[PDB]
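First structure 1, then structure 2: two forms of the same chain, each alone, as structure tokens.
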Structure 1
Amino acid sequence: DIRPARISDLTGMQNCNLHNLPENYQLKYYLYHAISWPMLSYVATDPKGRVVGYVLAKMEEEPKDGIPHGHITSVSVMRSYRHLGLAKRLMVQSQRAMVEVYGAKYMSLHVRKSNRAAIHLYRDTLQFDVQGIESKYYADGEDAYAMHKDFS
């Protein structure tokens, strides 16, 4: 059901976002970056091989002081498969690989201010802190919450 993401998963991934299309805006870019950090990014696949959820991530390329840290760049579970703990499961596997493989000291992400489900997922169940608002972060103008999880 869960396996590393591949370049050929792009179409399946796009199809997870049929009812929240802004998640496709940067998907290809983030997928290319994901692939260049093996073991960080995962797809969840139904009995027919169909992608029904995914997590994309990357390590910072030129970290300050050489201190490794990670970014979750996109996570999505199609509506049919939501509320099953799939996103939780994907995020945890990505987290564990960041720490165990690349020695991440922490991880960061951005989320739209209006994305109540994702904020709850990050803040309540995965215990991220909120650093603050990054004004006009998205191409369409919306602010992002900048969020962080320390692996200390």
Structure 2
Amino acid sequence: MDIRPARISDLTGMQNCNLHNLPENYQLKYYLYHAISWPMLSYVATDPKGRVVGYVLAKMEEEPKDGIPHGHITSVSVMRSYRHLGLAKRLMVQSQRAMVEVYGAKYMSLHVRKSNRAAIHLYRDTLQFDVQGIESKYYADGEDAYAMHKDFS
């Protein structure tokens, strides 16, 4: 229930939260890579015992499209127990603010599989994302991915 900027010490906790609800995983060095390259972009939700419950792994695009800077959500999830609370929405708005203020991001982007109803309903409806397009067989299982964009204007 405590949301806050992510630290180095809670990176492994984010990885665990990712290994629990996503198919869709990276090794810790890539989390380390996010912390060092963009230290204030990632946020974390925490249970009373100090363990990571939800998170948002955020970054700025290393190779920007057309030269305009923009943010990218690489991963976000909440443990099944703590869902339907507002944790994800609140994690996103904190990370979004940091993208704009620190890095001057003109927009933000992510990928979602077409069959994920909870995710789409989160971005397109409550977070006001637009569907930029569809990427064929983006995921390992061959499922198509919606490319979502939120323009800041």
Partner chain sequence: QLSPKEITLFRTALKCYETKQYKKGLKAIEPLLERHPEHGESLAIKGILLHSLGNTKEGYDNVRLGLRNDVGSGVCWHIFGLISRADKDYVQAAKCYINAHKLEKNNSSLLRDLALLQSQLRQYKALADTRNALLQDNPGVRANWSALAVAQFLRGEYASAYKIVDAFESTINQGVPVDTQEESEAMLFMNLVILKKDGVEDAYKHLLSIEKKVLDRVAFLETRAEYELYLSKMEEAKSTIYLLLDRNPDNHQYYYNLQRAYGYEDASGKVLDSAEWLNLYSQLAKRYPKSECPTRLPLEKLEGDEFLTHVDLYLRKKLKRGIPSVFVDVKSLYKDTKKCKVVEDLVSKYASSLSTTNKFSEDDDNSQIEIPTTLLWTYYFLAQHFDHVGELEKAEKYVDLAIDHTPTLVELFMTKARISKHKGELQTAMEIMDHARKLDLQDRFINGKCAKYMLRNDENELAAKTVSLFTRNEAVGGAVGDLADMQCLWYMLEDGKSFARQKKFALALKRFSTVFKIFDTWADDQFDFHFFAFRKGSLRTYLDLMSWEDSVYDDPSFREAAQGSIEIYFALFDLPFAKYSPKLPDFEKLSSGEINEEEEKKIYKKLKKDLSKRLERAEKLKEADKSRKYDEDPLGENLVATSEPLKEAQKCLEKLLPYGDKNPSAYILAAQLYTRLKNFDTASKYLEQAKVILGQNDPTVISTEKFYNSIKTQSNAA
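Residue indices: 1-based, along structure 1. Heads up, when I say rigid core I mean the largest set of C-alphas that superpose within 1.5 Å between the two forms.
Worksheet item: Between the two chains shown, which is the form solved without its partner chain?
Response: Structure 1.
Discussion item. On a rigid core superposition, would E23 pass a 2 Å threshold for CA movement between structures 1 and 2?
Written reply: It does, since the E23 C-alpha is displaced 2 Å or more between structures 1 and 2 after the core fit.
Worksheet item: Under a superposition restricted to the rigid core, does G66 display a Cα displacement of 2 angstroms or more between structures 1 and 2?
Response: Yes, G66 moves 2 Å or more.
Item to complete: Classify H110 as shifted (yes) or not shifted (no) between structures 1 and 2, where shifted means its C-alpha moves by 2 Å or more with the rigid core superposed.
Response: No, shifts by less than 2 Å.
Item to complete: May I ask for the C-alpha shift of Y42 between structures 1 and 2, in Å, based on superposition of the rigid core?
Response: Core-aligned C-alpha shift comes out at 1.1 Å.
Worksheet item: What is the C-alpha shift for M13 between structures 1 and 2, rigid core superposed, to one decimal in Å?
Response: Superposing on the rigid core gives a C-alpha shift of 2.7 Å for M13.
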